[PDB]
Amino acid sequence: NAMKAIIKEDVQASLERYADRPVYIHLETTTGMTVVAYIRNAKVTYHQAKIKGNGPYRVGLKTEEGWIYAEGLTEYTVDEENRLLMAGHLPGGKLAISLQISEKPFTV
């Protein structure tokens, strides 16, 4: 739980860090928890990235020929492996989301 409330500018700086080179992505949505949609270790290269909103937040990544988008993000951290981990959880709607970016495949 090194997760901390999102600091917009720090996340933006972190996203630009991983732009223009191949990275692995984990994008998952859960509900009430049961998994709804899940993509793990999708390999992509994005050239533009932006975190928007004032809380919760939404992140959009423009890939080679597509898009990766996540809304409802409220917390994050950059771990010892330098992986940008972001997440959000709405206790009322019982909805959770996770978007993680790493230079290496996600395992355990």
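So that there is no doubt, residue numbering starts at 1 and follows the sequence shown.
In this entry, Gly32 and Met33 are separated by 10 or more residues of the deposited sequence that lack coordinates. In this entry, 72 to 80 shows the higher mean Cα temperature factor of the pair 72 to 80 and 22 to 30. Looking at mean Cα B-factors across 33 to 41 and 63 to 71, the upper value is held by 33 to 41. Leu90: CA B factor in the highest third of modelled residues in this chain (values from the PDB entry).
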